[PDB]
């Protein structure tokens, strides 16, 4: 390969994840009477990873998420020296998606990124269901770890080949089905950053949480698989 091809793969991948997951949230989740709800948004997120893990996993590894890249580092599956590049690529790709999404959302009368939240992640006063900071920590930490345990397990040498995109993408949908009401569903700092920039207020103030927690969580997940299961 070239590192170029993979960075491009991680960029387009993460663009897809934010464009489709958050796009479904901003455009479709709450459409009157026929809209897709939390379940639909959780399905869309998972499908973005399933579809691009099959399309470009064989190029980059198909992370699309800085907590994945860093957790694969910690699990001994990914070299330290490529981490930063992946993370930049992921972040940039997400930003470009959020931008196009914002443009799309603006073509409907009454749109307002700041007031609606633009699908940004938050806790306490900004949890969709009114959950505390501690509820948000526990849920992003466990779900992050489990996501990474699934990613390690499903790509294990002895895991039957080819199925990983289904396991990994459906694991993200599951995570969505649990967590939207607590944090508006992250486990991914590039996904949180992308839309926080356009929400423009509280989302930027809590954004640090959705860097630290999902990463510590993904590190833990990696360490669990490597030291206890592999």
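Positions refer to the first chain, counted from 1.
Problem - Higher-scoring stretch by recorded Cα B factor average, 14 to 22 or 210 to 218 - result: Higher mean C-alpha B-factor: 210 to 218.
Handout entry: Between the two ranges 119 to 127 and 153 to 161, the one averaging a larger CA B factor in the entry
Key = Averaged over C-alpha atoms, the B-factors run higher in 153 to 161.
Practice task
Tell me, please, which of 136, 104, 143, 88 has the highest C-alpha B factor according to the deposited entry?
Solution key: By C-alpha B-factor in the record, 88 ranks first.
Exercise for the section: Taking the values exactly as deposited, rank residue 189 by C-alpha B-factor within its chain and report the matching third: lowest, middle or highest. Expected result: Middle third, going by the recorded CA B-factors of the chain.
Exercise for the section: Place residue 69 in the lowest, middle or highest third of its chain's C-alpha B-factors, as listed in the PDB entry. Expected result: It belongs to the highest third of the chain when residues are ordered by C-alpha B-factor.
Exercise for the section: Can you work out whether the C-alpha temperature factor of residue 39 puts it in the lowest, middle or highest third of the chain? Expected result: Residue 39: CA B-factor falls in the lowest third of its chain.
Practice task
Could you say whether, by C-alpha temperature factor, residue 177 belongs to the lowest, middle or highest third of its chain?
Solution key: Answer is lowest: the recorded C-alpha B-factor places it there.
Problem - residue 59 - Cα temperature factor, lowest/middle/highest third of chain - result: Its C-alpha B-factor belongs to the highest third of this chain's values.
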